[PDB]
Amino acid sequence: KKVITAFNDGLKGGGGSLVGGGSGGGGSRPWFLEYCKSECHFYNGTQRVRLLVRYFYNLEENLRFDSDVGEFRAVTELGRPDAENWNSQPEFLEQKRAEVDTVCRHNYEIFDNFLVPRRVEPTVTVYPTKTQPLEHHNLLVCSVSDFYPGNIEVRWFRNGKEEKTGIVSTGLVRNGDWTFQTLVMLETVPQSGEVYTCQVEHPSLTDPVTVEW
């Protein structure tokens, strides 16, 4: 069973301060947050990878480590002492520089076995929506839900004619539990012979999915 590795956090040092940073608020309950995001960017699996570490103090990103640079770089003056301090530590620098390999590439290989290949087929359904006396433009709804990954194509057709106008959508909606959903609506006033169609394409399917109304 493969073990996922974590990124190593360097210790910051004191001894100095900056002249009053900034609030932009006041009166509110004071809070203090040390937040770090170590991001592995895979441009094509492990073939091309960039590591980007980002440090935040409250609402401000103040320090960054871009594997293409090979050193820490201050984003705001609040992170400069850490950049200078850590950049003068060859051992730490070598460890960080190697993480694109010991953490990013290492963990991808693990996740490539179950996250990269995850596939959940969508459920497609079409249905009208208004208030009965359509009055103005009517609305046809193509509901596509419960799918993964997010890459999906949802197109409306008017007698084999792809509607490139009158489209109203929720866009890609992330449910937070590894599934997505979306509603792609077409504004049009129906006509029996004139049939509307929803075509859905996704990497979990073999052939497009169509639904007529």
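Each residue number is its position in the shown sequence, starting from 1.
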Query raised in the report: Per the entry, where is the mean C-alpha temperature factor higher: 40-48 or 159-167?
Result: 159-167
Report summary line: For 190-198 versus 6-14, entry-based mean Cα B-factors point to 190-198
Report summary line: When the entry's CA B-factors for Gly176, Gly150, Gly70, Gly26 are compared, the highest one belongs to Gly26
Report task. Choose from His137, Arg97, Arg119, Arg105 the residue with the greatest Cα B-factor as stated in the PDB record. Result -> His137
**Report entry** Chain thirds of CA B-factor: placement of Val126
**Finding:** highest
Report task. Please rank the C-alpha B-factors of the chain's modelled residues and tell me whether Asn113 sits in the lowest, middle or highest third. Result -> middle
Query raised in the report: Once the chain's modelled residues are ordered by C-alpha B factor and cut into thirds, is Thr76 in the lowest, middle or highest one?
Result: lowest
